[PDB]
Amino acid sequence: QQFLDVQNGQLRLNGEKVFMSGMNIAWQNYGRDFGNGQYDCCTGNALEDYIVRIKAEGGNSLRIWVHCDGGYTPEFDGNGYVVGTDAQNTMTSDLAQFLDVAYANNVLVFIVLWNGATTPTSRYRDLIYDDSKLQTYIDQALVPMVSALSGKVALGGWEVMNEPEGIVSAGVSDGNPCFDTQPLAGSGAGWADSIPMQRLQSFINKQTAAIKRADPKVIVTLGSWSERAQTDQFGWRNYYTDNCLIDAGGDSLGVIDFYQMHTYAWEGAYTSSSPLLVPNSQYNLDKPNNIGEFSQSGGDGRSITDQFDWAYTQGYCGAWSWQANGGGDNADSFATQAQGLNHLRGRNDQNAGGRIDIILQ
Numbered sequence: 017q018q019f020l021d022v023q024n025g026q027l028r029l030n031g032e033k034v035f036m037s038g039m040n041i042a043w044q045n046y047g048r049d050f051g052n053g054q055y056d057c058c059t060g061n062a063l064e065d066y067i068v069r070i071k072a073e074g075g076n077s078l079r080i081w082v083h084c085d086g087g088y089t090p091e092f093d094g095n096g097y098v099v100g101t102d103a104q105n106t107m108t109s110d111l112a113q114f115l116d117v118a119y120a121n122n123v124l125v126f127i128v129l130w131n132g133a134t135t136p137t138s139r140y141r142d143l144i145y146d147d148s149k150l151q152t153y154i155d156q157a158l159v160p161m162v163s164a165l166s167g168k169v170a171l172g173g174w175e176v177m178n179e180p181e182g183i184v185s186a187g188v189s190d191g192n193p194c195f196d197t198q199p200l201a202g203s204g205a206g207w208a209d210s211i212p213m214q215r216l217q218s219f220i221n222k223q224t225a226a227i228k229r230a231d232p233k234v235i236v237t238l239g240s241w242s243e244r245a246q247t248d249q250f251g252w253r254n255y256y257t258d259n260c261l262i263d264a265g266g267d268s269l270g271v272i273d274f275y276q277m278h279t280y281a282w283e284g285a286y287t288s289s290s291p292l293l294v295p296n297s298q299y300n301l302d303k304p305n306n307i308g309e310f311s312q313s314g315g316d317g318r319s320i321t322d323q324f325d326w327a328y329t330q331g332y333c334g335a336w337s338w339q340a341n342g343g344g345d346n347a348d349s350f351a352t353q354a355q356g357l358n359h360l361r362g363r364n365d366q367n368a369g370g371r372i373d374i375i376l377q
């Protein structure tokens with residue numbers, strides 16, 4: 017049995033280079049889609065409809081978020097130790113149902129545990145700071161879930177945290193360059209909290225390692241809010257290299273498989289080092305790279321088709337637009353995002369992004 021993997025700096029499925037073309041969902045009911053019987057009562061039909069509608073437009077993948085700010089899941093006891101994925105222990109079965117639908121539609125699913133783009137709830141923040149509590153998350157929620165889901169063919173990968181740089185203390189010197197955030201000074205990082213980089217990296221490293229012990233074939237990614245935290249080129253730094261994650265968390269297995277840069281324009285202009293403006297090779301990375309979020313509305317005027325085209329032709333392993341539910345600042349409509357999916361449908365230039373029309377059988 018074949019699952020999505022990485023070789024020779026390429027994303028591959030079975031023999032073949034593949035490109036992940038799709039949308040961030042990123043949720044239906046934010047932080048309340050999976051777990052606590054929500055999928056069967058309330059969210060499952062809407063969520064499955066996104067899978068179908070994405071595939072119908074020619075996409076082959078999606079990114080979806082689960083715990084978010086920790087406000088609903090996972091399930092914390094009175095002292096902040098985690099006792100399970102959710103109060104009703106439905107999360108795993110809920111995701112199972114979602115993944116079975118994805119398989120039936122030949123769509124690969126990328127699952128994001130935590131959100132770094134909003135301020136954490138105190139129980140979630142405490143997992144970042146207290147390893148004893150984090151280990152209960154790992155043992156009581158994450159490992160059992162990951163293990164149980166380890167045979168689902170449509171599970172493309174896990175992602176510990178969306179945009180850790182939202183909650184990082186930016187512009188702070190350190191003797192260890194892995195923990196030094198001076199390259200992020202003036203970037204707008206740290207809009208939601210000021211947690212040290214080392215603690216974010218450790219949190220990531222430990223959970224990544226735990227996912228890979230529970231499922232030794234699954235890939236893991238980590239979506240940074242801009243290129244500024246995932247390249248050592250252009251004056252930036254790559255905070256999620258094997259060496260930095262291991263330096264922070266101590267676990268040799270806690271390494272990611274593909275880099276993922278999000279990109280949006282600020283005051284109507286992208287950075288000159290935006291992944292929608294430079295070819296992925298200029299980042300000189302040791303893993304493939306996915307443009308994991310972007311949008312036409314959150315761009316500089318270029319069209320959604322221009323953006324998917326750039327990702328496909330200039331060295332990236334995927335492109336996920338923001339976002340299928342159409343909601344909030346910098347979200348495009350589903351219809352707009354569909355135009356980009358349409359544009360990549362049927363492509364299979366192995367010298368460029370590779371196969372779009374994937375078949376999971």
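Residue numbers (PDB author numbering): 17 to 377.
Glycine residues also receive a C-beta, built at the ideal position from the N, C-alpha and C atoms.
Please report the Cβ distance between residue 378 and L158, rounded to the nearest whole angstrom; I am assuming they are in contact, meaning their Cβ atoms lie under 8 Å. Past the edges of the chain, shown from 17 to 377, lies residue 378, and the structure says nothing about it.
Within 10 Å of its beta-carbon, does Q18 have 16 or more other beta-carbons around it, so buried, or fewer, so exposed?
exposed
Test item: CB-CB of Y280 and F310 under 8 Å
yes
| query | Per DSSP, what kind of secondary structure is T108 in: helix, strand or coil? | reply | helix
### Query
Around the C-beta of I320, are 16 or more other C-beta atoms found within 10 angstroms, so that it is buried, or is it exposed?
buried
* Do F195 and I235 come within 8 Å of each other at the CB atom, strictly closer than that value? -> no
query: How many angstroms separate the CA atom of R28 from the CA atom of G370?
result: 9 Å
For the region 246-263 and the region 148-163, state whether three or more C-beta atom pairs, one from each stretch, are separated by less than 8 Å.
no
Could you name the residues of the same chain whose beta carbon sits closer than 8 Å to that of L78, not counting the 5 residues immediately before and after it, in chain order? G38, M39, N40, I41, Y66, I67, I70, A118, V123, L124, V125, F126, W336, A340
Margin query: Using only CA atoms, which one of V176, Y97, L171 lies nearest to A133?
Written below: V176
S185 and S166 closer than 8 Å at C-beta:
no
Residue range of the unbroken alpha helix (DSSP H) whose run includes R69:
60-72
query: How is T152 classed by DSSP in three states: helix, strand or coil?
result: helix
### Task
Output the distance between the C-alpha atoms of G86 and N45, rounded to the nearest integer angstrom.
14 Å
| task | Ignore the nearest five residues each way along the sequence and tell me which others in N346's own chain have a CB closer than 8 Å to its CB. | result | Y280, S311, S313, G314, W338
task: Measure the beta-carbon distance from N52 to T106 and round it to whole angstroms, keeping in mind my assumption that it falls under 8 Å.
output: 7 Å
For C194, the first and last residue of its enclosing beta strand (DSSP E) = Neither: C194 is in no beta strand (DSSP E) and is coded neither H nor E.
Can you list the alpha helix (DSSP H) stretches of 4 or more residues lying completely in the region 204-252, in chain order? 213-230
In the DSSP output, what is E309 paired with across the bridge? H278
Which ranges would you report for the alpha helix (DSSP H) in the region 131-185 if only whole runs of at least 4 residues count? 138-145, 147-153, 159-164
- [ ] Tell me whether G173 is buried or exposed, calling it buried when 16 or more other Cβ atoms sit within 10 Å of its Cβ.
- [x] buried
Do you know how far the Cα of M36 is from the Cα of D365? 14 Å
Exercise. With distances taken from CA atoms, which of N61, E91, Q198 is nearest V188?
Worked result: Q198
- Query: Which residue or residues does DSSP assign as beta-bridge partners of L29?
  - Reply: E32
*Which value, in whole angstroms, describes the spacing of the CA atoms of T352 and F50?*
27 Å
| request: Would you mind working out which of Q54, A354, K233 sits nearest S109, comparing C-alpha positions? | output: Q54
- Query: Looking only at DSSP bridge pairs, what is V294 linked to?
  - Reply: Per DSSP, none; premise fails for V294.
**Prompt:** If you check the beta carbons only, do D373 and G356 fall under 8 Å apart?
**Reply:** no
Confirm, please, whether the CB-CB distance from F219 to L150 is below 8 Å. yes
field: Reference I154, options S203, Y256, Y97, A208, closest by Cα
entry: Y97
Neighbourhood of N131 by C-beta, 6 Å cutoff - its chain only, sequence neighbours within 5 removed: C84, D85, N178
query: Taking DSSP as the reference, what is the three-state secondary structure of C84?
result: strand
**OP:** Select from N61, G100, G204, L115 the residue whose C-alpha is nearest the C-alpha of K168.
**Re:** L115
(request) List the residues that DSSP assigns as beta-bridge partners of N40. (result) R79
| said: Can you check which of these residues, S297, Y255, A285, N95, is closest to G317 by C-alpha distance? | reply: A285
Which residues share a DSSP beta bridge with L124? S77
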